[PDB]
Amino acid sequence: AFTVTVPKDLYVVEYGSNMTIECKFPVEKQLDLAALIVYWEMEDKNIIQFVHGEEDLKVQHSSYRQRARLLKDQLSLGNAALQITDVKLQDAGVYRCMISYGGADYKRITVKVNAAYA
Amino acid sequence: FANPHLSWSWXXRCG
């Protein structure tokens, strides 16, 4: 019954724009950080590995270093939002948001990138 | 999975 949901499963963004991909999960009362794990992945590349409040950016894949972060202000709202800055062409593809918060679910999100003069 | 520290892979998983 634990369900991750996405308001959008297709993002079409410009090269060089910023982009926030939303990933929603059920938060009944206060957020219990001790229970929450967030995994963002994109085709065998690890972007976010949030564990109970702790992250090692040493494990974020190099092509996302500096450019990708979890909006941790939104997790209290049950929104594990992935913000990507200075969008690149390589960022295009299928993203997975996986949330373990007691139960576990995931959702697939497609990003398509348009080159600057298309 | 779920060592923060280690690298994961799909689905939870340590590739």
Take the residues in the stretch A:1-54 that are touching a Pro at 6+ places or on another chain (Cβ under 6 Å) and within 14 Å of chain B (Cβ to nearest Cβ), then tell me which one is nearest to A:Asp86 (Cα to Cα). A:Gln49
Among the residues of the stretch A:71-116, count how many are away from every other protein chain (no Cβ under 14 Å), touching a residue at least 60 places away in the same chain (Cβ under 8 Å) and more than 13 Å from the chain's Cα centre (by Cα). 9
Within the stretch A:82-98, is there a residue that is assigned to a loop (DSSP other than H, G, I, E, B) and over 19 Å from A:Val113 (Cα atoms)? no
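In this analysis, Cβ positions are derived from the backbone assuming ideal geometry, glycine residues included, and neighbour counts consider all displayed protein chains. Taken together, the values in this text are just the output of simple stated rules run on the coordinates, not laboratory data.
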